[PDB]
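Just one chain follows, in the form deposited in one PDB entry, and it is written as structure tokens.
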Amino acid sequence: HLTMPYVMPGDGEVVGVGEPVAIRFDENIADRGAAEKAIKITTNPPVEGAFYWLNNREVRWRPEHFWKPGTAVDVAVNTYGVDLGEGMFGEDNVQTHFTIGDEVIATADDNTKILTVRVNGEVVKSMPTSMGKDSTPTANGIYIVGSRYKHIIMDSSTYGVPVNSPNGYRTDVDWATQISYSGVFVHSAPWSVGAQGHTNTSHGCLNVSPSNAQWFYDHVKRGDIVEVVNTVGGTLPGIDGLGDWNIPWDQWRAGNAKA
């Protein structure tokens, strides 16, 4: 009957133009509207935004468009003592302030097989890439950048898919930037450097050169944007965890507080 909120991004962080505000609770929220009413988001410059629930425990807030760089955001989660439905009360308040850094948008175009990185509108890198093969294609859409890893084992059994099964995989990779909670990454692939710019070889990750993956790891930050276009895949789900922007604003703004 007590629930604790946690807010991301953290206090003092600088994040990319795609970063939503996230308020995650440790129990299911029976009255979503009660939660929304208790969360006050201040923006400077002021912009409209709206809430949308990813699941029963997490609500997201963002504007219609990507954030303007340099925007200052204050989040006041005033849930201490608040009835969140079915006699579940908020355990504490949270107050976070964060800021929007430079606009970093990287676009991966399957017709060119180049990942182009623009910073405040200017091309800074043009990276040949190898994306998902036709049987395991990379979904088109807007992905928010998440965590980064110097080295990681990408193992399909993390997601309940046995390695030696049709959708399975296991690969050790360096310089990995996470772009979906479902396990899509930008990463180093020295083994596919010939194919990059020519042929799709991955199970859905964007394979780039080691130096380009390290560059990406070093210079792209949480909340920056990767857009995938022109692939033979479908579309990144809006409720992936990093796929928020795939939900159209009209649907997002209407919300799902009654669902």
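A residue's number is simply how far along the shown sequence it sits, counting from 1. Superpose the two forms; the largest set of C-alphas matching within 1.5 Å is the rigid core.
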query = With respect to the recorded C-alpha B factors, which stretch has the higher mean value, 80 to 88 or 100 to 108?
reply = 80 to 88
Of 196 to 204 and 223 to 231, the stretch whose C-alpha atoms average the higher B-factor in the entry = 196 to 204
task = Would you mind finding, among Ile114, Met131, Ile179, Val94, the residue with the largest C-alpha temperature factor in the entry?
result = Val94
request  = Pull the Cα B-factor of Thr71 out of the PDB entry and bin it into the chain's lowest, middle or highest third.
outcome  = middle
request  = Check where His65 lands among this chain's C-alpha B-factors and tell me if it's the lowest, middle or highest third.
outcome  = middle
query = So where's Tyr159 on the chain's Cα temperature factor ranking, which third?
reply = highest
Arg32 by Cα B-factor - lowest, middle or highest third of the modelled chain = lowest
inquiry  = Considering every modelled residue of the chain and its Cα B-factor in the PDB entry, is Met4 in the lowest, middle or highest third?
reply    = highest
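There is another form of the same protein, the form deposited in another entry; it is not shown, and what comes next is about it.
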ask   = Taking the rigid core as reference, which of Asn140, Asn167, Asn78, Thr99 is displaced at the C-alpha by at least 2 Å between this form and the one not shown?
value = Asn167
ask   = Does the C-alpha of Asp109 move 2 Å or more between this form and the one not shown once the rigid core is lined up?
value = no
key: CA of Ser157, rigid core aligned, shift of 2 Å or more between this form and the one not shown   = yes
